[PDB]
$ cat query.pdb   # PDB, C-alpha atoms
ATOM      1  CA  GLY A 343       0.000   0.000   0.000  1.00  0.00           C
ATOM      2  CA  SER A 344       2.907   2.427   0.405  1.00  0.00           C
ATOM      3  CA  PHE A 345       6.123   1.383  -1.352  1.00  0.00           C
ATOM      4  CA  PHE A 346       4.554  -0.225  -4.425  1.00  0.00           C
ATOM      5  CA  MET A 347       2.038   2.615  -4.795  1.00  0.00           C
ATOM      6  CA  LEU A 348       4.769   5.250  -4.472  1.00  0.00           C
ATOM      7  CA  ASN A 349       6.927   3.419  -7.019  1.00  0.00           C
ATOM      8  CA  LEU A 350       4.005   3.279  -9.462  1.00  0.00           C
ATOM      9  CA  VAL A 351       3.237   6.975  -8.946  1.00  0.00           C
ATOM     10  CA  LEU A 352       6.879   7.983  -9.409  1.00  0.00           C
ATOM     11  CA  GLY A 353       7.228   5.871 -12.551  1.00  0.00           C
ATOM     12  CA  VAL A 354       4.037   7.198 -14.130  1.00  0.00           C
ATOM     13  CA  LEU A 355       4.969  10.790 -13.268  1.00  0.00           C
ATOM     14  CA  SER A 356       8.489  10.353 -14.661  1.00  0.00           C
ATOM     15  CA  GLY A 357       7.131   8.913 -17.901  1.00  0.00           C
ATOM     16  CA  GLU A 358       4.615  11.746 -18.196  1.00  0.00           C
ATOM     17  CA  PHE A 359       7.309  14.374 -17.599  1.00  0.00           C
ATOM     18  CA  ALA A 360       9.610  12.743 -20.158  1.00  0.00           C
ATOM     19  CA  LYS A 361       6.821  12.698 -22.750  1.00  0.00           C
ATOM     20  CA  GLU A 362       5.795  16.292 -22.018  1.00  0.00           C
ATOM     21  CA  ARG A 363       9.329  17.717 -22.100  1.00  0.00           C
ATOM     22  CA  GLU A 364       9.725  16.834 -25.798  1.00  0.00           C
ATOM     23  CA  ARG A 365       6.679  18.754 -27.022  1.00  0.00           C
ATOM     24  CA  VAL A 366       7.199  21.503 -29.580  1.00  0.00           C
ATOM     25  CA  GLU A 367       6.496  24.364 -27.155  1.00  0.00           C
ATOM     26  CA  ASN A 368       8.858  23.110 -24.444  1.00  0.00           C
ATOM     27  CA  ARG A 369      11.507  22.231 -27.033  1.00  0.00           C
ATOM     28  CA  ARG A 370      11.253  25.715 -28.557  1.00  0.00           C
ATOM     29  CA  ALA A 371      11.571  27.326 -25.122  1.00  0.00           C
ATOM     30  CA  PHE A 372      14.636  25.206 -24.346  1.00  0.00           C
ATOM     31  CA  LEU A 373      16.190  26.090 -27.711  1.00  0.00           C
ATOM     32  CA  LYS A 374      15.601  29.788 -27.021  1.00  0.00           C
ATOM     33  CA  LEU A 375      17.250  29.417 -23.609  1.00  0.00           C
ATOM     34  CA  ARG A 376      20.211  27.547 -25.114  1.00  0.00           C
ATOM     35  CA  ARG A 377      20.730  30.180 -27.818  1.00  0.00           C
ATOM     36  CA  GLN A 378      20.524  32.991 -25.258  1.00  0.00           C
ATOM     37  CA  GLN A 379      23.083  31.228 -23.055  1.00  0.00           C
ATOM     38  CA  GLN A 380      25.390  30.556 -26.019  1.00  0.00           C
ATOM     39  CA  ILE A 381      25.356  34.226 -27.060  1.00  0.00           C
ATOM     40  CA  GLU A 382      26.459  35.277 -23.568  1.00  0.00           C
ATOM     41  CA  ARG A 383      29.768  33.373 -23.598  1.00  0.00           C
ATOM     42  CA  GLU A 384      30.804  34.919 -26.917  1.00  0.00           C
ATOM     43  CA  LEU A 385      29.732  38.332 -25.623  1.00  0.00           C
ATOM     44  CA  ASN A 386      31.846  37.906 -22.483  1.00  0.00           C
ATOM     45  CA  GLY A 387      34.887  36.851 -24.501  1.00  0.00           C
ATOM     46  CA  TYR A 388      34.519  39.789 -26.878  1.00  0.00           C
ATOM     47  CA  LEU A 389      34.099  42.269 -24.009  1.00  0.00           C
ATOM     48  CA  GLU A 390      37.257  40.860 -22.409  1.00  0.00           C
TER      49      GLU A 390
ATOM     50  CA  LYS B 163      45.137  39.536 -78.020  1.00  0.00           C
ATOM     51  CA  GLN B 164      46.740  42.645 -76.506  1.00  0.00           C
ATOM     52  CA  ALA B 165      43.548  44.139 -75.044  1.00  0.00           C
ATOM     53  CA  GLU B 166      44.588  42.879 -71.594  1.00  0.00           C
ATOM     54  CA  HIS B 167      47.659  40.640 -72.136  1.00  0.00           C
ATOM     55  CA  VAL B 168      48.311  39.679 -68.518  1.00  0.00           C
ATOM     56  CA  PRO B 169      52.016  38.912 -68.037  1.00  0.00           C
ATOM     57  CA  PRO B 170      52.855  35.449 -66.688  1.00  0.00           C
ATOM     58  CA  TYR B 171      54.888  37.173 -63.947  1.00  0.00           C
ATOM     59  CA  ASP B 172      53.882  39.849 -61.446  1.00  0.00           C
ATOM     60  CA  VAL B 173      56.100  41.881 -59.124  1.00  0.00           C
ATOM     61  CA  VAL B 174      55.113  41.431 -55.471  1.00  0.00           C
ATOM     62  CA  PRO B 175      56.770  42.383 -52.173  1.00  0.00           C
ATOM     63  CA  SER B 176      59.300  39.864 -50.893  1.00  0.00           C
ATOM     64  CA  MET B 177      57.542  39.518 -47.525  1.00  0.00           C
ATOM     65  CA  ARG B 178      53.753  39.357 -47.511  1.00  0.00           C
ATOM     66  CA  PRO B 179      52.151  42.388 -45.827  1.00  0.00           C
ATOM     67  CA  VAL B 180      49.492  41.547 -43.249  1.00  0.00           C
ATOM     68  CA  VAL B 181      46.120  43.305 -43.500  1.00  0.00           C
ATOM     69  CA  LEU B 182      43.377  42.923 -40.888  1.00  0.00           C
ATOM     70  CA  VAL B 183      39.759  43.087 -42.070  1.00  0.00           C
ATOM     71  CA  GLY B 184      36.586  42.957 -40.013  1.00  0.00           C
ATOM     72  CA  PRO B 185      34.568  42.629 -38.040  1.00  0.00           C
ATOM     73  CA  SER B 186      32.916  45.829 -39.285  1.00  0.00           C
ATOM     74  CA  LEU B 187      33.747  49.246 -40.739  1.00  0.00           C
ATOM     75  CA  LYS B 188      37.162  50.514 -39.708  1.00  0.00           C
ATOM     76  CA  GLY B 189      37.526  53.872 -38.012  1.00  0.00           C
ATOM     77  CA  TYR B 190      34.851  52.853 -35.493  1.00  0.00           C
ATOM     78  CA  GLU B 191      35.420  51.905 -31.871  1.00  0.00           C
ATOM     79  CA  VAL B 192      34.749  48.158 -31.953  1.00  0.00           C
ATOM     80  CA  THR B 193      36.858  47.353 -35.017  1.00  0.00           C
ATOM     81  CA  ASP B 194      39.625  49.689 -33.857  1.00  0.00           C
ATOM     82  CA  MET B 195      39.969  47.906 -30.512  1.00  0.00           C
ATOM     83  CA  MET B 196      39.642  44.376 -31.921  1.00  0.00           C
ATOM     84  CA  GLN B 197      42.487  45.167 -34.327  1.00  0.00           C
ATOM     85  CA  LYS B 198      44.628  47.236 -31.933  1.00  0.00           C
ATOM     86  CA  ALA B 199      44.819  44.353 -29.461  1.00  0.00           C
ATOM     87  CA  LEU B 200      46.197  42.042 -32.158  1.00  0.00           C
ATOM     88  CA  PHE B 201      48.499  44.794 -33.405  1.00  0.00           C
ATOM     89  CA  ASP B 202      49.824  45.064 -29.866  1.00  0.00           C
ATOM     90  CA  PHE B 203      50.265  41.297 -29.682  1.00  0.00           C
ATOM     91  CA  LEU B 204      52.273  41.356 -32.912  1.00  0.00           C
ATOM     92  CA  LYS B 205      54.465  44.233 -31.714  1.00  0.00           C
ATOM     93  CA  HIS B 206      55.260  42.562 -28.388  1.00  0.00           C
ATOM     94  CA  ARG B 207      55.592  38.826 -29.076  1.00  0.00           C
ATOM     95  CA  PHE B 208      57.506  39.351 -32.344  1.00  0.00           C
ATOM     96  CA  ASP B 209      59.461  42.371 -31.102  1.00  0.00           C
ATOM     97  CA  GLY B 210      62.717  43.006 -32.937  1.00  0.00           C
ATOM     98  CA  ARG B 211      61.633  41.332 -36.185  1.00  0.00           C
ATOM     99  CA  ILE B 212      58.381  43.045 -37.287  1.00  0.00           C
ATOM    100  CA  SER B 213      57.814  46.690 -38.243  1.00  0.00           C
ATOM    101  CA  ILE B 214      54.344  48.248 -38.022  1.00  0.00           C
ATOM    102  CA  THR B 215      53.403  50.917 -40.571  1.00  0.00           C
ATOM    103  CA  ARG B 216      50.083  52.754 -40.838  1.00  0.00           C
ATOM    104  CA  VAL B 217      48.578  53.672 -44.215  1.00  0.00           C
ATOM    105  CA  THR B 218      46.649  56.826 -43.341  1.00  0.00           C
ATOM    106  CA  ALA B 219      45.885  57.564 -46.999  1.00  0.00           C
ATOM    107  CA  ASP B 220      43.909  55.382 -49.398  1.00  0.00           C
ATOM    108  CA  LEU B 221      45.362  52.206 -50.889  1.00  0.00           C
ATOM    109  CA  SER B 222      42.641  50.801 -53.193  1.00  0.00           C
ATOM    110  CA  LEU B 223      43.748  52.789 -56.279  1.00  0.00           C
ATOM    111  CA  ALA B 224      46.811  50.605 -56.986  1.00  0.00           C
ATOM    112  CA  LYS B 225      46.612  50.146 -60.757  1.00  0.00           C
ATOM    113  CA  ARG B 226      49.320  49.066 -63.193  1.00  0.00           C
ATOM    114  CA  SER B 227      47.746  48.925 -66.690  1.00  0.00           C
ATOM    115  CA  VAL B 228      46.025  52.326 -66.842  1.00  0.00           C
ATOM    116  CA  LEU B 229      48.667  54.534 -68.484  1.00  0.00           C
ATOM    117  CA  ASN B 230      52.426  54.919 -68.807  1.00  0.00           C
ATOM    118  CA  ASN B 231      52.588  57.700 -66.199  1.00  0.00           C
ATOM    119  CA  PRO B 232      49.338  59.366 -65.038  1.00  0.00           C
ATOM    120  CA  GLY B 233      50.331  62.563 -63.258  1.00  0.00           C
ATOM    121  CA  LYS B 234      54.110  62.228 -63.361  1.00  0.00           C
ATOM    122  CA  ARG B 235      54.728  65.786 -62.113  1.00  0.00           C
ATOM    123  CA  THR B 236      52.880  68.041 -59.680  1.00  0.00           C
ATOM    124  CA  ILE B 237      53.297  71.109 -61.933  1.00  0.00           C
ATOM    125  CA  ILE B 238      51.165  69.731 -64.786  1.00  0.00           C
ATOM    126  CA  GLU B 239      48.012  71.027 -63.024  1.00  0.00           C
ATOM    127  CA  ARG B 240      46.228  67.970 -64.423  1.00  0.00           C
ATOM    128  CA  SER B 241      43.131  66.373 -62.910  1.00  0.00           C
ATOM    129  CA  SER B 242      45.146  63.425 -61.572  1.00  0.00           C
ATOM    130  CA  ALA B 243      48.324  65.440 -60.940  1.00  0.00           C
ATOM    131  CA  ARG B 244      46.591  67.366 -58.137  1.00  0.00           C
ATOM    132  CA  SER B 245      44.490  64.354 -57.094  1.00  0.00           C
ATOM    133  CA  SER B 246      45.163  61.764 -54.389  1.00  0.00           C
ATOM    134  CA  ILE B 247      46.504  59.174 -56.854  1.00  0.00           C
ATOM    135  CA  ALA B 248      50.069  60.506 -56.568  1.00  0.00           C
ATOM    136  CA  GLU B 249      50.660  59.770 -52.881  1.00  0.00           C
ATOM    137  CA  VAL B 250      48.824  56.433 -53.049  1.00  0.00           C
ATOM    138  CA  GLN B 251      51.021  55.373 -55.973  1.00  0.00           C
ATOM    139  CA  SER B 252      54.124  56.565 -54.103  1.00  0.00           C
ATOM    140  CA  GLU B 253      53.099  54.536 -51.033  1.00  0.00           C
ATOM    141  CA  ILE B 254      53.174  51.333 -53.102  1.00  0.00           C
ATOM    142  CA  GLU B 255      56.950  50.884 -53.184  1.00  0.00           C
ATOM    143  CA  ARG B 256      57.299  51.827 -49.511  1.00  0.00           C
ATOM    144  CA  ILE B 257      55.825  48.393 -48.772  1.00  0.00           C
ATOM    145  CA  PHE B 258      58.316  46.937 -51.256  1.00  0.00           C
ATOM    146  CA  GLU B 259      61.209  48.653 -49.465  1.00  0.00           C
ATOM    147  CA  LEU B 260      59.958  47.293 -46.141  1.00  0.00           C
ATOM    148  CA  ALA B 261      59.696  43.807 -47.668  1.00  0.00           C
ATOM    149  CA  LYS B 262      63.217  43.762 -49.150  1.00  0.00           C
ATOM    150  CA  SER B 263      64.652  44.115 -45.620  1.00  0.00           C
ATOM    151  CA  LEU B 264      63.251  40.627 -44.757  1.00  0.00           C
ATOM    152  CA  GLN B 265      61.311  42.193 -41.850  1.00  0.00           C
ATOM    153  CA  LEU B 266      57.622  41.308 -41.899  1.00  0.00           C
ATOM    154  CA  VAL B 267      55.292  44.296 -42.219  1.00  0.00           C
ATOM    155  CA  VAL B 268      51.577  44.896 -41.690  1.00  0.00           C
ATOM    156  CA  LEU B 269      49.180  47.446 -43.217  1.00  0.00           C
ATOM    157  CA  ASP B 270      46.977  49.626 -40.999  1.00  0.00           C
ATOM    158  CA  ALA B 271      44.757  50.706 -43.894  1.00  0.00           C
ATOM    159  CA  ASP B 272      41.619  52.495 -42.681  1.00  0.00           C
ATOM    160  CA  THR B 273      39.822  52.328 -46.053  1.00  0.00           C
ATOM    161  CA  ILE B 274      39.925  48.679 -47.175  1.00  0.00           C
ATOM    162  CA  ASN B 275      37.130  46.650 -45.566  1.00  0.00           C
ATOM    163  CA  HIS B 276      36.831  43.751 -48.042  1.00  0.00           C
ATOM    164  CA  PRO B 277      39.518  41.429 -49.471  1.00  0.00           C
ATOM    165  CA  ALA B 278      38.369  41.917 -53.076  1.00  0.00           C
ATOM    166  CA  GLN B 279      39.099  45.637 -52.683  1.00  0.00           C
ATOM    167  CA  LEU B 280      42.824  44.798 -52.519  1.00  0.00           C
ATOM    168  CA  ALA B 281      43.123  41.518 -54.440  1.00  0.00           C
ATOM    169  CA  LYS B 282      43.802  42.686 -58.015  1.00  0.00           C
ATOM    170  CA  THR B 283      46.618  45.049 -56.995  1.00  0.00           C
ATOM    171  CA  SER B 284      50.355  44.336 -56.941  1.00  0.00           C
ATOM    172  CA  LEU B 285      50.519  43.992 -53.143  1.00  0.00           C
ATOM    173  CA  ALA B 286      49.124  40.440 -52.910  1.00  0.00           C
ATOM    174  CA  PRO B 287      48.994  40.623 -49.095  1.00  0.00           C
ATOM    175  CA  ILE B 288      48.070  38.256 -46.296  1.00  0.00           C
ATOM    176  CA  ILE B 289      44.515  39.081 -45.209  1.00  0.00           C
ATOM    177  CA  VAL B 290      43.429  38.311 -41.637  1.00  0.00           C
ATOM    178  CA  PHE B 291      39.730  37.893 -40.833  1.00  0.00           C
ATOM    179  CA  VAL B 292      38.519  38.809 -37.346  1.00  0.00           C
ATOM    180  CA  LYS B 293      34.795  38.053 -37.293  1.00  0.00           C
ATOM    181  CA  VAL B 294      31.966  37.730 -34.803  1.00  0.00           C
ATOM    182  CA  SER B 295      30.271  34.331 -34.906  1.00  0.00           C
ATOM    183  CA  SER B 296      26.772  35.818 -35.230  1.00  0.00           C
ATOM    184  CA  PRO B 297      25.407  39.339 -35.810  1.00  0.00           C
ATOM    185  CA  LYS B 298      23.321  38.978 -32.639  1.00  0.00           C
ATOM    186  CA  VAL B 299      26.533  39.147 -30.605  1.00  0.00           C
ATOM    187  CA  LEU B 300      27.894  41.983 -32.757  1.00  0.00           C
ATOM    188  CA  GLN B 301      24.864  44.233 -32.250  1.00  0.00           C
ATOM    189  CA  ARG B 302      25.098  43.990 -28.460  1.00  0.00           C
ATOM    190  CA  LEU B 303      28.884  44.407 -28.644  1.00  0.00           C
ATOM    191  CA  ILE B 304      28.341  47.680 -30.509  1.00  0.00           C
ATOM    192  CA  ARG B 305      25.742  48.580 -27.872  1.00  0.00           C
ATOM    193  CA  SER B 306      28.439  48.143 -25.197  1.00  0.00           C
ATOM    194  CA  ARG B 307      30.295  51.272 -26.370  1.00  0.00           C
ATOM    195  CA  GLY B 308      27.720  53.973 -25.643  1.00  0.00           C
ATOM    196  CA  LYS B 309      25.212  56.310 -27.239  1.00  0.00           C
ATOM    197  CA  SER B 310      27.814  57.562 -29.737  1.00  0.00           C
ATOM    198  CA  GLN B 311      27.853  54.305 -31.722  1.00  0.00           C
ATOM    199  CA  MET B 312      24.051  53.950 -31.813  1.00  0.00           C
ATOM    200  CA  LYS B 313      23.951  56.673 -34.478  1.00  0.00           C
ATOM    201  CA  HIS B 314      26.185  54.618 -36.794  1.00  0.00           C
ATOM    202  CA  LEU B 315      24.844  51.184 -35.799  1.00  0.00           C
ATOM    203  CA  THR B 316      22.828  50.875 -39.020  1.00  0.00           C
ATOM    204  CA  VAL B 317      25.688  51.295 -41.507  1.00  0.00           C
ATOM    205  CA  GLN B 318      27.900  49.270 -39.146  1.00  0.00           C
ATOM    206  CA  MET B 319      25.831  46.113 -39.809  1.00  0.00           C
ATOM    207  CA  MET B 320      25.657  45.794 -43.607  1.00  0.00           C
ATOM    208  CA  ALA B 321      29.448  46.140 -43.644  1.00  0.00           C
ATOM    209  CA  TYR B 322      29.417  42.968 -41.525  1.00  0.00           C
ATOM    210  CA  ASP B 323      27.180  40.710 -43.610  1.00  0.00           C
ATOM    211  CA  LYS B 324      28.601  41.962 -46.921  1.00  0.00           C
ATOM    212  CA  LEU B 325      32.047  40.844 -45.753  1.00  0.00           C
ATOM    213  CA  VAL B 326      30.598  37.625 -44.305  1.00  0.00           C
ATOM    214  CA  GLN B 327      28.976  36.760 -47.652  1.00  0.00           C
ATOM    215  CA  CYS B 328      32.451  36.877 -49.202  1.00  0.00           C
ATOM    216  CA  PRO B 329      33.668  33.285 -49.739  1.00  0.00           C
ATOM    217  CA  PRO B 330      36.044  32.029 -47.035  1.00  0.00           C
ATOM    218  CA  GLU B 331      38.598  31.115 -49.718  1.00  0.00           C
ATOM    219  CA  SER B 332      39.232  34.815 -50.406  1.00  0.00           C
ATOM    220  CA  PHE B 333      40.715  35.331 -46.938  1.00  0.00           C
ATOM    221  CA  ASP B 334      44.083  33.807 -46.091  1.00  0.00           C
ATOM    222  CA  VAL B 335      43.430  33.169 -42.380  1.00  0.00           C
ATOM    223  CA  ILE B 336      40.261  33.128 -40.281  1.00  0.00           C
ATOM    224  CA  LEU B 337      39.881  34.128 -36.622  1.00  0.00           C
ATOM    225  CA  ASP B 338      36.397  32.735 -35.984  1.00  0.00           C
ATOM    226  CA  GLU B 339      36.616  32.320 -32.190  1.00  0.00           C
ATOM    227  CA  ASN B 340      35.876  34.604 -29.249  1.00  0.00           C
ATOM    228  CA  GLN B 341      38.726  33.982 -26.795  1.00  0.00           C
ATOM    229  CA  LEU B 342      41.519  36.534 -27.094  1.00  0.00           C
ATOM    230  CA  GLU B 343      44.404  34.263 -26.076  1.00  0.00           C
ATOM    231  CA  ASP B 344      43.525  31.238 -28.214  1.00  0.00           C
ATOM    232  CA  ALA B 345      42.866  33.389 -31.289  1.00  0.00           C
ATOM    233  CA  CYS B 346      46.115  35.169 -30.412  1.00  0.00           C
ATOM    234  CA  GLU B 347      48.000  31.869 -30.632  1.00  0.00           C
ATOM    235  CA  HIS B 348      46.114  30.993 -33.828  1.00  0.00           C
ATOM    236  CA  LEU B 349      47.964  33.810 -35.601  1.00  0.00           C
ATOM    237  CA  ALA B 350      51.253  33.284 -33.737  1.00  0.00           C
ATOM    238  CA  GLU B 351      51.705  29.674 -34.863  1.00  0.00           C
ATOM    239  CA  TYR B 352      50.706  30.515 -38.454  1.00  0.00           C
ATOM    240  CA  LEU B 353      53.266  33.320 -38.611  1.00  0.00           C
ATOM    241  CA  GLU B 354      55.904  31.088 -37.000  1.00  0.00           C
ATOM    242  CA  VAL B 355      55.249  28.533 -39.748  1.00  0.00           C
ATOM    243  CA  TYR B 356      55.614  31.320 -42.316  1.00  0.00           C
ATOM    244  CA  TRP B 357      58.851  32.481 -40.659  1.00  0.00           C
ATOM    245  CA  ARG B 358      60.309  28.972 -40.843  1.00  0.00           C
ATOM    246  CA  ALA B 359      59.056  28.617 -44.431  1.00  0.00           C
ATOM    247  CA  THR B 360      61.217  31.480 -45.765  1.00  0.00           C
ATOM    248  CA  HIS B 361      64.324  30.673 -43.704  1.00  0.00           C
TER     249      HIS B 361
END

$ encode --input "query.pdb" --output "structure tokens"
Amino acid sequence: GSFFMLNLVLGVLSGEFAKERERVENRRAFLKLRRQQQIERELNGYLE
Amino acid sequence: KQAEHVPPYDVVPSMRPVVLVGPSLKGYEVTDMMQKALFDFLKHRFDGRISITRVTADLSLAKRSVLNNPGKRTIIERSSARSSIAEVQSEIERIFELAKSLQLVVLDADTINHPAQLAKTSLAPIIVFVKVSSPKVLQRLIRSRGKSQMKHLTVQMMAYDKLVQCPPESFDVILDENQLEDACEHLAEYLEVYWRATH
């Protein structure tokens, strides 16, 4: 009633999060974040 | 077939002059600093074997098959005699004189901003490309100077992508990275290889 149920809940939630993270909206947001972070390193080097 | 009649041989300076182009229009803050740092690196690391000369006047009017002697004397009062062609033509063999001493020389030309502008001339120089990876970085880098450069930001951008659209094969070397020290070594090893090549 506790350990098996918690394991099932954690597994289902992890699968749901993994499926949801690869949607087009989340992927686009992550790509925007990655591009913004990549610009910053080049900017810091050029300012140095 | 004497309309052009290109000779099989051309006269070029013994040591290749080094010209820095990019990342934008010269005479502006960003380009001036990004080239002055490298100039400084060349003066210091290769001290005692490299002479730095600045070409304040124009250098893109280096022609050889126009006429026998356009504006030979300053007293002719001709259109080209009183023009700027005389001093530019007289600056050509100064580079030759610097090259015949075996000491490597650079060119601090403030007018040339594209390799094709100085590719058909008799100089045949080494062209160094300092470029920003993306224009998104370059715009904010120009923003980092102050309100003075915002006035000229517009014209400062087409000079970037026009030079970017030039094929990489036109340039001799490419400095496509952001770190100052690693790009600094990128030129140092290339010029050491060149130094060993002609010795």

$ atom_distance --input "query.pdb" --atom1 "CA of residue 212 (chain B)" --atom2 "CA of residue 266 (chain B)"
5.0 Å

$ atom_distance --input "query.pdb" --atom1 "CA of residue 341 (chain B)" --atom2 "CA of residue 322 (chain B)"
19.6 Å

$ residues_around --input "query.pdb" --residues "residue 386 (chain A)" --least-positions-apart "6" --cutoff "12 Å" --atoms "only C-alpha atoms" --output "list in words"
residues 379 and 380 of chain A; 299, 300, 302, 303, 306, 340, 341 and 342 of chain B

$ resolve_selection --input "query.pdb" --expression "the PyMOL selection byres ((chain A) within 7 of (chain B))" --output "number ranges by chain"
A: 381, 384-385, 387-388

$ atom_distance --input "query.pdb" --atom1 "CA of residue 297 (chain B)" --atom2 "CA of residue 319 (chain B)"
7.9 Å

$ resolve_selection --input "query.pdb" --expression "the PyMOL selection byres ((chain B and resi 261) around 6)" --output "list in words"
residues 175, 176, 177, 258, 259, 260, 262, 263 and 264 of chain B

$ residues_around --input "query.pdb" --residues "residue 274 (chain B)" --least-positions-apart "3" --cutoff "8 Å" --atoms "only C-alpha atoms" --output "MDAnalysis selection string"
chainID B and resid 183 221:222 271 277 279:280

$ residues_around --input "query.pdb" --residues "residue 179 (chain B)" --least-positions-apart "3" --cutoff "9 Å" --atoms "all atoms listed in the file" --output "list in words"
residues 175, 257, 261, 266, 267, 268, 269, 285, 286, 287, 288 and 289 of chain B

$ axis_aligned_box --input "query.pdb" --around "region 371-384 of chain A" --padding-each-side "5 Å" --output "JSON"
{"center_x": 21.2, "center_y": 30.2, "center_z": -25.4, "size_x": 29.2, "size_y": 20.1, "size_z": 14.8}

$ residues_around --input "query.pdb" --residues "region 244-249 of chain B" --least-positions-apart "3" --cutoff "9 Å" --atoms "all atoms listed in the file" --output "PyMOL selection string"
chain B and resi 219-220+223-224+232-241+252-254

$ resolve_selection --input "query.pdb" --expression "the PyMOL selection byres ((chain B and resi 344-349) around 12)" --output "ChimeraX atom specification"
/A:387-388 /B:180,182,196-197,199-204,206-208,288-293,334-343,350-356

$ residues_around --input "query.pdb" --residues "residue 284 (chain B)" --least-positions-apart "3" --cutoff "8 Å" --atoms "all atoms listed in the file" --output "MDAnalysis selection string"
chainID B and resid 172:174 224:226
